[PDB]
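>>> Give me a 3D structure for the following:
(7 chains)
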Amino acid sequence: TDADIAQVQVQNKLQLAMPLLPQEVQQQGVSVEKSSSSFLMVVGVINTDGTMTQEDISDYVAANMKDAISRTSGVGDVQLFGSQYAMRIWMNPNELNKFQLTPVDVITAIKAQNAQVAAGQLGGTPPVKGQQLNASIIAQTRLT
Amino acid sequence: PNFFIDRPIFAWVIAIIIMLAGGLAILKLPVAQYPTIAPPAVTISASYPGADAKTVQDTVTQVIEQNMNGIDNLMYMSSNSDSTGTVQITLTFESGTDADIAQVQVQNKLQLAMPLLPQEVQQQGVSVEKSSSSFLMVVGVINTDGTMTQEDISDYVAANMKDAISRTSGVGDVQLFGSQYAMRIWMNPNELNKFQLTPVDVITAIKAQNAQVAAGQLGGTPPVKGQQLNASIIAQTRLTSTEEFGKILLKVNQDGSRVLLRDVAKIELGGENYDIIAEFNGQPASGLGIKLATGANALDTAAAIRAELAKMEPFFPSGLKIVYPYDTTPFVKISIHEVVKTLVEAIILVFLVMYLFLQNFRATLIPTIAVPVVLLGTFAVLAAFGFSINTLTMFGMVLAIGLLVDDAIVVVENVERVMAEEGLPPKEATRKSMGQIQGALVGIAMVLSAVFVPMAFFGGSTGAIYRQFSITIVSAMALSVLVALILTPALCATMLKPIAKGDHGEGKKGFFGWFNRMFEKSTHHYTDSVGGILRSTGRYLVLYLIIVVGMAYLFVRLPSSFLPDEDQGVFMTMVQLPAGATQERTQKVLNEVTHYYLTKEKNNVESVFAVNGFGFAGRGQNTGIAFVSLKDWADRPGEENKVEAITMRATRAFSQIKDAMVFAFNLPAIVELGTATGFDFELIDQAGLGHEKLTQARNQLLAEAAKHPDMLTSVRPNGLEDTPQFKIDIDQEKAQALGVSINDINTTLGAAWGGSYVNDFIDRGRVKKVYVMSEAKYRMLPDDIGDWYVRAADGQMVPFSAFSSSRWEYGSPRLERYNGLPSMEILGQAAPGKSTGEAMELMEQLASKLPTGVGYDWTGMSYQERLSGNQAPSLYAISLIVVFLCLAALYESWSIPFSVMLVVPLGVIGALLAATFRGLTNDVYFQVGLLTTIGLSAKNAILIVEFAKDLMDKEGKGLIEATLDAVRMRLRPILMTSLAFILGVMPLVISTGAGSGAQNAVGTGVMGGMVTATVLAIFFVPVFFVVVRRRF
Amino acid sequence: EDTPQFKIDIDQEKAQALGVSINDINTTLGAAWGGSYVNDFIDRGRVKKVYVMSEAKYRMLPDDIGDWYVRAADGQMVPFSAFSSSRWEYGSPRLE
Amino acid sequence: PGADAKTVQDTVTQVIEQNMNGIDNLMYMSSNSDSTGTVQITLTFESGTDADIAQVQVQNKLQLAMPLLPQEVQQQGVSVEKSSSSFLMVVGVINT
Amino acid sequence: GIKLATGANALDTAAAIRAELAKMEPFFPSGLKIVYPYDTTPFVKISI
Amino acid sequence: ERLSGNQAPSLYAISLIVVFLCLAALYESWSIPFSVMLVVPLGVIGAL
Amino acid sequence: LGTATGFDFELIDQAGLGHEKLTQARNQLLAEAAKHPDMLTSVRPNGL
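Residues are numbered from 1 along each chain as shown, chains lettered A, B, ... in the order given. Sharing the structure here:
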């Protein structure tokens, strides 16, 4: 069978199911691959002078190496032995109680205080006759 | 061979089938200016209305990129992120990748990344398209009455033209220049604050009141027993009128008085976006970009498009015209007609050279039947290999008439010489003479194929070009040797009249043939002058070495090129105002550009399509472009009236008057090419280091490049410099206290200053968008923030100044990424002296000493040229060995082949001598031209050596005697071909007008090569043989 | 052939005046007459649909509209005859 | 869901058909629009055409129209498939 | 852990993955090393 | 049907040409085919 | 694709019996398969 068409056809169906899945599932990214079962190879990464932990190394691989490898033609699947860094907010319930707060409030705060915002432009188009200035209006950007 | 001498009817039948198959091919073959040459590239496009370069990047660009995996044959990926809110991600695939599969693979990886992009982006859509910039035609649609604006025009084109044009046969794609209408709601903040309402209220109302509402049906299943009637219940449907949007209720005051959208906002049909303003000769302009459908006829499709446009003419509104700024068709028409003219004028010149050399009206008809059978047969072959009739295939055939004509002449002449020498009857003379040439013809065919086929195997974009010439020539040459073995001898046997022994036509006719005496004296003089220069032979080998050294020296000092520039009836100038320039400020400059071309180039310039907003650097109010159509060649007589000169004084004119940078140039033949002597560099951020640290490093490289003007010239970044930008800081603590919603704040700023795509509505039976944005005057200066108010929970209205603060800063209007990582693109070229490779190496050396974490790569043509540069010597090494081998087999020697292979330089020298003194360039048409010249140079020699070896082996003649007999009996045909061929190329050397760039490139090298090839080999070939044939 | 259509004009103006939500009036008419697909359940180990719709006898005639009530923002029940007109229209169920 | 034939024709069908240009070997095209809000567009190709390339070329063009389609249509999924026209067989099931 | 796409050439892809890895090594943080704990490829080459 | 009807005259045109061309190639005569071609209508009438 | 002499059996619920009924059906199969040692070896669930 043509592996390309096998994928194309499969995916055409998956997409009918796609909007019926839970949001939490969708935004984790559903993937459709055309791969061999077994590993071609394992590329391992260590640190000689011992200046970064395995989670540091995992993040590096994920942030600096993976994408390029997975884009390489003939690479059907890439598995990371470890995880990429994320912003970890480890909640304390005693303190959450202590202040009359729930994880729901934490989530609601972060969504609003950590956002990219499209704010439009100064002297944007269509302008008034005679406009002399034109700049981006920058508002809220993601935290770092 | 002998088979068909006794079967002239069989041979005629074979000829007839070839004619029919070729006629059927020529009739239903695709035609286009050029075939596909560029590696397939899929472009992902997206727009986040009101977003900045950083917002699009971090929200759309990065996310999508991070999901382009498990896709086959990806070469590289690059992207942009403009503060026009737009993202473009281009994925380029390996040569020969299936474009359709590529685009599908890309589109459904994107499909799985959609739920991760913001909803404003999702609802705008994400384009995924094949990116072949080739247009067949650009149709401009303009108004002259001054009644409709480019927005009105655009919508008319959408609803009453586009569909119909895309239905037209051979039309593969139709891009609209402009938007379909949008419901445009321009908001007034004064009026909003009066009734204490926000854009948020404006949006909510529109969604409530312009919506589709699923209801149900009467008598719907499962029904009651004995149900009477079943009909659909229709609840709320979408609005239509601009009047209806005005009637929507926003708020009812405490005294019961209504507040409508009409009362807070201007409501009108308008453009989806106002970023570009296009003008044709100063007047409002929209248009369609038309692409030619794969496999279709460019000529017929043009004719059809124009015919469909003629039907619609009487149905247009008062003032609207259809104009044609860009049409590739007129140019193609010329290329084809001028190629067929060369071919036919080549056949007539065989007729004339055959007749005024063999004085026999029946003998002259044989090659007149032979070459048209071959030519038609060639078309049949191209059809069978899916090729098309295009500039490259058509100039392939003109390049091949030297070989096709030669096969027809050599066969016929030999029979004519055999009868005039010995006295045998026509059929028997044909039998005998064919026995003298057969093996040699079957050998030459193997040799010629061994010089052409290898170039079909060149890689990348150039290889795709070289293949076109290769297969076209190979197939033509193969068929002509087959016709030489099948058809020509049958004709030579049946329609050729006998000649009495030792005739030579000396004396005879008066008023017609006095030239036989004159020709016979010279051919005796020549064989005298050869025998004498066969004495001291070791001194002629020295002259040869000077010819070799001279060839080597002219090879190095002839500049390289791809394809010659053409006066394609069109060019374009580009406009660049300094960063942060207003639309109006660029409009002024474009107006002046148009005034120059219509005032001072009134006689030449037909039209000036100014596009204010779109540019080649980026997009924005800052930049524009001005496309120039011309009165056709027929009206532009001299050299100063051609594109090269027009554009040069245009760039001169704008340097001494402007405060903005206004270039002027003409487009390359294949409209996706590199500058030959120019490169495409990409600087990469490989560690953490941000945008600024990269900018730092780029400046380090740029400055270092200026340190070497002797090696690199005009080295520059392709991107954009950092501009100031206006940052508003929402105090979250202050906002919470006053009671304003953080999201109410954000969308009130967004909707007003950026625009906000609310809804769809149905305009005259067509779904179009609904936008809400502030009126122009309340969103211009930073002082206008004071006009905008948000409503807090406790009811009251709150100014931005209460919860926000602002300050300026430098940001980036255009962020670039290459293969996933932050990039900055650098263009540049090798200095007037040096080559691209030498420049590229110096570039790599400079980049090796940049700040730790900075990397680099080559993209575009620099990437192409890198992967296919170690091929030219390797392939033509395999060419020679096969040529030697074939020849060894042909004869019965490992040495004898050398005598013919030493001819190679004799043709090349005069080609180089022609191109250098004509100031022409070493391009593709020159390379393929060269191979043609060597082709005959070998052919001429192979037969001479063959004749000498047979007279030596079969009759026991001496070496010094046989070579003299061979050069003599073959003096005639060489001169006959080389007269007809040089005169057939005559007009192609000195030519002006359309397509002359290529015609010159083909002709010059061929005529100069064919002069030295033949008026040199006739002395050197009999020398080569004797020299080689003396070490044994 | 062209079919009759029953057009209901849910008056937004009169709907707010009585307190009722515009969404509440929509999804009551919609779910009663057309049915609504709420979510999924598990029948014998297989995921199937859950639909909510009127009993046949209250969604057959123009006069059956009256039977349905919407709750206002205060708490009392408001009939459709309070905030909606209705009329007949034509149009094709199948456009080729 | 719940759109009349006129609504879906110029809201869904037209949008798709416009982009349905620039596809190799297309012999002709036909379509329907329902009172049930169903649209079916059929691209019929030249004899001999590779149906798997047809499918790919169609869905490539379709996925340009997708943006401009109503969200309701978008979240209902849009299928592109090689279609027959008539049934090979009709298997029947009854209880005795 | 890398898995071949269906039908892709094992040797060619391994070749490409190595080439990719060579592009990255120069820009690594201090003392960060690539190591090859599992590769089915060197067998196929030597085997032949 | 419409396509089948339109090609039909072109079908016989080439088929009669191809047979005539074949016969000339087999029997070295240019006119021997002319006489056998005249037998076509004798058969065709029987079909109709 | 292949182990010397190994099979790959799949037990399937075709009447909507459920997880726990299928489990009871599995254990019964495995029991019987242990009662034939001179035919089957290592008849095991591959799952959890």
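
>>> which ones are touching residue A:91?
If a contact means Cβ atoms under 8 Å, 6 or more residues apart in numbering or on different chains, then residue A:91 has A:103, A:106 as its contacts. For every residue, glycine as well, the C-beta is placed using N, CA and C.

>>> in a strand, that's where it is, yeah?
No. Checked against DSSP: H, G, I helix; E, B strand; the rest coil, residue A:91 lies outside a strand; its state is coil.

>>> got the contact list for residue A:124?
With contacts defined as Cβ under 8 Å, 6+ apart, the neighbours of residue A:124 are A:134, B:753, B:754, B:779, B:780.

>>> Skipping its backbone neighbours, what lies nearest the third one in space?
Beyond its immediate neighbours in the sequence, the residue positioned closest to residue B:754 (Cβ to Cβ, 6 or more residues apart in numbering or on different chains) is residue B:50, lying 2.2 Å away.

>>> how close does that neighbour get to chain G?
Using Cβ to the nearest Cβ, to the nearest Å, one obtains 51 Å as the distance from residue B:50 to chain G.

>>> Would you mind pulling the contact partners of stretch A:104-111?
Residues lying outside stretch A:104-111 but in contact with it, judged by Cβ under 8 Å, 6+ apart, are A:89, A:91, A:96.

>>> For chain B, what's the nearest residue on chain A?
Of the residues in chain A, the one nearest chain B is residue A:120, at a distance of 2.8 Å by Cβ to the nearest Cβ.

>>> Check which helix or strand that residue maps to.
Following DSSP states H and E, the helix or strand that holds residue A:120 is strand A:118-122.

>>> Residues touching that strand, excluding its own?
Residues from elsewhere that reach strand A:118-122 (Cβ under 8 Å, 6+ apart): A:133-139, B:48-52, B:55, B:83, B:85, B:120, B:726, B:728, B:749-750, B:752-755, B:779-782.

>>> Taking the centroid of chain A, which residue is nearest it?
Compute the mean C-alpha point of chain A, and by Cα atoms, centre = their mean the closest residue is residue A:28, 8.1 Å away.

>>> Does that one belong to a helix, a strand or coil?
Residue A:28, by the three-state scheme (three-state DSSP), is coil.

>>> What is the longest strand along chain A packed up against?
Among the elements of chain A assigned as strand by DSSP state E, the one spanning the most residues is strand A:41-47. Applying 3 or more Cβ pairs under 8 Å, 6 or more residues apart in numbering or on different chains; DSSP states H and E, one finds that strand A:41-47 contacts helix A:54-61, strand E:2-4, helix E:10-24, strand E:32-39.

>>> okay, the longest one in PDB with CA atoms only?
The C-alpha atoms that make up helix E:10-24 are tabulated as PDB, following Å, rounded to 0.1, in the frame of the first residue of the first chain:
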ATOM      1  CA  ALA E  10      17.500   2.900   6.800                       C
ATOM      2  CA  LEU E  11      21.100   3.800   5.700                       C
ATOM      3  CA  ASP E  12      20.100   7.000   3.900                       C
ATOM      4  CA  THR E  13      18.100   8.300   6.900                       C
ATOM      5  CA  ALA E  14      20.800   7.400   9.400                       C
ATOM      6  CA  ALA E  15      23.300   9.200   7.200                       C
ATOM      7  CA  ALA E  16      21.000  12.300   7.300                       C
ATOM      8  CA  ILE E  17      20.400  12.200  11.100                       C
ATOM      9  CA  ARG E  18      24.200  12.000  11.600                       C
ATOM     10  CA  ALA E  19      24.700  15.000   9.200                       C
ATOM     11  CA  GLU E  20      22.000  16.900  11.200                       C
ATOM     12  CA  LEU E  21      23.800  16.100  14.500                       C
ATOM     13  CA  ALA E  22      27.100  17.400  13.100                       C
ATOM     14  CA  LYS E  23      25.400  20.800  12.300                       C
ATOM     15  CA  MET E  24      24.400  21.100  16.000                       C
END
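
>>> tell me the contacts of residue A:83?
Counted by Cβ under 8 Å, 6+ apart, residue A:83 has contacts A:55, A:58, A:59, A:62.

>>> and which of these is nearest chain D?
For the contacts of residue A:83, the residue nearest chain D by Cβ to the nearest Cβ is residue A:62; the value is 29.7 Å.

>>> And stretch A:134-144, what's buried?
A:134, A:135, A:136, A:137, A:138, A:139, A:140, A:141 (16 or more other Cβ atoms under 10 Å in any protein chain shown).

>>> Now compare those and name the two farthest from each other.
Using Cβ to Cβ, the two most remote members of the buried residues of stretch A:134-144 are A:134 and A:140, lying 21.6 Å apart.

>>> For residue A:135, list each beta-bridge partner.
The bridge-partner assignment for residue A:135, based on DSSP bridges, gives residue A:122.

>>> burial count for residue A:36?
Other residues near residue A:36 number 17, with proximity taken as other Cβ atoms under 10 Å in any protein chain shown.

>>> picking that back up, put together a markdown table for the contacts of residue A:83, with neighbour count on each row.
As requested, those are arranged in a markdown table below (neighbours: other Cβ atoms under 10 Å in any protein chain shown):
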| residue | neighbour count |
| --- | --- |
| A:55 | 12 |
| A:58 | 18 |
| A:59 | 18 |
| A:62 | 15 |
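
>>> neighbours around residue A:107, how many?
Number of residues near residue A:107 (other Cβ under 10 Å) recorded here: 12.

>>> give me the residue from chain A nearest chain F.
Among all residues of chain A, residue A:5 sits closest to chain F, at 29.0 Å; criterion: Cβ to the nearest Cβ.

>>> Look at that residue and say how many residues are nearby.
Burial of residue A:5 is recorded as 15 neighbouring residues (other Cβ under 10 Å).

>>> swap in the one 3 residues further on?
Here the neighbour count serves as a burial measure; for residue A:8 (other Cβ under 10 Å) it reads 22.

>>> likewise residue A:72?
For residue A:72, the tally of surrounding residues (other Cβ under 10 Å) stands at 19.

>>> Same question for residue A:50.
One way to gauge burial is a neighbour count; for residue A:50, by other Cβ under 10 Å, it gives 8.

>>> What are the phi and psi values at it?
In terms of degrees, to the nearest 10, the main-chain angles of residue A:50 are phi 60, psi 50.

>>> hmm, back to that, what residues of the strand holding residue A:120 count as buried?
Applying a neighbour-count criterion of 16+ other Cβ under 10 Å, the buried positions in strand A:118-122 are A:118, A:119, A:120, A:121, A:122.

>>> Report the inter-axis angle for it versus strand B:619-630.
Using axes from the mean of the first three to the mean of the last three Cα atoms, to 10 degrees, the direction of strand A:118-122 lies 60 degrees away from that of strand B:619-630.

>>> chain center to strand A:118-122, what's the gap?
Averaged C-alpha coordinates place strand A:118-122 at 25 Å from its chain's average position (Cα atoms, centre = their mean, to the nearest Å).

>>> Run through the residues that contact residue A:68.
Going by Cβ under 8 Å, 6+ apart, residue A:68 touches B:819, B:820, E:20, E:23, E:24.

>>> count of residues packed around the closest residue to chain C within chain A?
Of the residues in chain A, the one nearest chain C is residue A:20, at a distance of 8.7 Å by Cβ to the nearest Cβ. Residue A:20 sits with 13 neighbouring residues when counted by other Cβ under 10 Å.

>>> what does residue A:110 give?
Number of residues near residue A:110 (other Cβ under 10 Å) recorded here: 13.

>>> and if you look at residue A:10?
By the other Cβ under 10 Å criterion, the neighbourhood of residue A:10 contains 13 residues.

>>> What of the one 4 residues further on?
Burial of residue A:14 is recorded as 18 neighbouring residues (other Cβ under 10 Å).

>>> what's the answer for residue A:104, then?
A count of neighbours around residue A:104, defined by other Cβ under 10 Å, yields 8.

>>> Having no further points to raise, I will conclude here.
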